[PDB]
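Single chain ahead, by itself, as structure tokens, in the form deposited in one PDB entry.
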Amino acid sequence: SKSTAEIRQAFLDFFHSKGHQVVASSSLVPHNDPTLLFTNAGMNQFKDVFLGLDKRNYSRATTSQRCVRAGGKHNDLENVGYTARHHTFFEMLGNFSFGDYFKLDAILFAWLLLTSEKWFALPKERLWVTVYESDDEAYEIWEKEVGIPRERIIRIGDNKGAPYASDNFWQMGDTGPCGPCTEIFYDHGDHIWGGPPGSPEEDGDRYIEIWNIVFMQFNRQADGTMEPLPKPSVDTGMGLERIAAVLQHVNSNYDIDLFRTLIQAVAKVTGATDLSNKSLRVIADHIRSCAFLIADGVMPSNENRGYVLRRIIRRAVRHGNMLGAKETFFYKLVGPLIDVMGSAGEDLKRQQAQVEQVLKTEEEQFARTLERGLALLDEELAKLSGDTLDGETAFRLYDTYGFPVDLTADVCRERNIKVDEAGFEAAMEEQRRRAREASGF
């Protein structure tokens, strides 16, 4: 089968052959978008084009965009290691129409690449589609233009409990370009638990969302109102790792060539032998987001972007501890990562030594309190009555040992114990008040 690198290139070659300008992935860190934490979609760098504020010399484009979804509007951090399909760092394969073509041709391009004998040649019978309930045009296109049997065309409304809150209405953020969308799912088969989209078991890893095609129509305002974009446009995105799994005849993202190699490297540096332990997958995921974020300029800190990076590094180190890592290990995975990323790792390779030192320093710094804090947590859990760790203890781990609350929650979750988040926040607020009282005016 095709390697991840070959699939990435084949996607771009397809759209290039269809007249799309190949554009380089943007950084994970925007210089000119105050509303955006980290790049979470291929469309981010074209935001102003969709808004009609910027015009390029091309009206259609294609990219393989590095994305991190670990905060802000789209955050999958807590899914990592619990599903076969979610990462913090991933590549989104995208095509874009800036007032060029619209619904029918967007859908045809996608179907052609996926199912043509000349291209990916996926079995059509295993593909399902969803449309926004009110999108009668998208429904008709799939039904009559493409020819998907009606039983595999699913209408989804505002299933997230609010107007425009839907798996089939995509929003860049609380503000920004958005619109109704249609998604393509691949059925991995009955050896995996799960039901089709719209079903009670839709959240399973059996029917995987491969490609989202967004019909950009509005700019969302902070108050929740929708202002029409000047020109209806197209924003699509397919997870490289998810389509690689399909094409490589495996079920999990972590079974593709890229992750198999990377997970072997994690086992090597941690001393783990069981290649099925979920901590190996978590660390493999985390090195991707951490290394690339540092390459794109993020430095560990206790505020904003730096704190998200710090949180992910420390969670990765903690997982290494659970695996029994005896020495500093996380920075050792930068080399192996560069080796599996191909051309998509160019920016990381360029700054290898720098990224390695940042990761090494951060792990060494955390090791000053990691084992001691875990010892305290074990002590508190051993005598804990109930299913919830008190907020005072969570705050003590934070304040004394530098444990972000989500790191503590992650450890506790592995033992079916919850964390009293309201209690943690109450403790933080109490300390804030003490700081105000002491500092004065």
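By rigid core we mean the largest C-alpha set that fits within 1.5 Å across both forms. From 1 onward, residues are counted along the sequence shown.
Here the stretch with the larger average CA B-factor, out of 26-34 and 385-393, is 385-393.
Set 170-178 against 104-112 and average the Cα temperature factors; 170-178 ends up higher.
Across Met216, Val146, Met238, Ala222, the entry's maximum B-factor at the CA atom is seen for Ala222. Of the candidates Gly94, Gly271, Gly71, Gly345, the one whose C-alpha carries the top B factor in the deposited record is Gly271. Split the chain's modelled residues into thirds by C-alpha temperature factor. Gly373 is in the middle one. Ranked by Cα temperature factor within the chain, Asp406 sits in the middle third according to the deposited record. Annotation for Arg415: C-alpha temperature factor in the highest third relative to the rest of the modelled chain, per the entry. For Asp48, the recorded CA temperature factor ranks within the middle third of the chain's modelled residues. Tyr82: CA B factor in the highest third of modelled residues in this chain (values from the PDB entry).
What follows is about the form deposited in another entry, which we do not show.
Just one residue from the list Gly335, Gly306, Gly224, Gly324 crosses the 2 Å line for C-alpha shift between the shown form and the other one on a rigid core fit, and it is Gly224. Once you line up the core between the shown form and the other one, the Cα of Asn32 ends up 2 Å or more from where it was.
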